[PDB]
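Student: Everything below, folded, please.
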Amino acid sequence: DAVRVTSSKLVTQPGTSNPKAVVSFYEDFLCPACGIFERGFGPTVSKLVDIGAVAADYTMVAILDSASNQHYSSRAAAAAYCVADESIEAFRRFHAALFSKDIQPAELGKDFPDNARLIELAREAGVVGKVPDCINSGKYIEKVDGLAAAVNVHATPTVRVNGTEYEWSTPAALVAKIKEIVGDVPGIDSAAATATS
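Tutor: Numbers count the residues shown, from 1 in each chain. This is the structure:
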């Protein structure tokens, strides 16, 4: 249901493979607040992933999907899952790209990327593989369309920390929360520096 992003440095619960800290993001690719939120928190989260402070769970839901936007939300989420299938790193780059200012369509706009453009963005993210057919076949469409109800999240962006609702403010606040959970890990202060710019 979520794409789990980690690195080889992941800090785990003693005697298990399970992350000590999991930050679950629930996003819609057409959600403007989500664009702002990801452009703001992204580098910090990526750093926290790299130093192994957290695992980052991404659930891309369909809640904004409509015929008016040409089902952009659902096609984009499905596409993202397709990419994650091939590569996790490719997913990081893809996910980041879709939320960049030059890319994310304006909700309520008349212009939205078709599947060919999503495919091309996947290529730029570093993967081809089965992704083109995974996207063209609409493999994940029904999945993503059901995700919102599945995980029971109807608002975006929504963030949870170890399954608990988390009201986010700044990247710094988040870094501090994670530090509260995992203690002082190598790099986490560096991550705070990333959070404050």
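
Student: ok, how many other residues are close to residue 127?
Tutor: Number of residues near residue 127 (other C-beta atoms under 10 Å) recorded here: 21. For every residue, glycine as well, the C-beta is placed using N, CA and C.

Student: May I have the phi/psi pair for it?
Tutor: Note on residue 127: backbone dihedrals following degrees, to the nearest 10 are phi -130, psi 140.

Student: Kindly report the same for residue 119.
Tutor: phi -60, psi -50.

Student: Quickly note the distance from it to residue 50.
Tutor: For residue 119, the distance to residue 50 (C-beta to C-beta, to the nearest Å) stands at 28 Å.

Student: Not counting the lengthiest helix in the chain itself, show me its contacts.
Tutor: Using DSSP state H, we find that the single longest helix of the chain is helix 32-50. Helix 32-50 has contacts (C-beta atoms under 8 Å, 6 or more residues apart in numbering) with 5-7, 9, 23, 27-28, 54-56, 92, 95-96, 99-101, 104, 106-107, 156-157, 168, 171, 174-175, 178, 187-188, 190-191, 194-195.

Student: Helices of this protein, residue ranges please.
Tutor: 32-50, 72-86, 88-98, 115-124, 131-136, 141-150, 171-182, 188-195.

Student: Centroid-nearest residue for this protein?
Tutor: residue 58 (4.0 Å; C-alpha atoms, centre = their mean).

Student: how many neighbours does the closest residue to it other than its chain neighbours have?
Tutor: Using C-beta to C-beta, 6 or more residues apart in numbering and skipping residues adjacent in sequence, the residue nearest residue 58 is residue 3, 4.7 Å away. Neighbour count for residue 3, taken as other C-beta under 10 Å: 19.

Student: List the residues that contact residue 3.
Tutor: For residue 3, the residues meeting the contact criterion (C-beta under 8 Å, 6+ apart) are 57, 58, 59, 60, 80, 81, 84, 88, 91.

Student: wait, which of these is closest to residue 152?
Tutor: Sorting the contacts of residue 3 by distance to residue 152 puts residue 59 at the head of the list, at 10.9 Å, by C-beta to C-beta.

Student: any idea how far the residue lying closest to the closest one once chain neighbours are set aside lies from residue 196?
Tutor: Using C-beta to C-beta, 6+ apart and skipping the chain neighbours, the partner closest in space to residue 59 is residue 2 (4.5 Å). Separation of residue 2 from residue 196 (C-beta to C-beta) stands at 28 Å.
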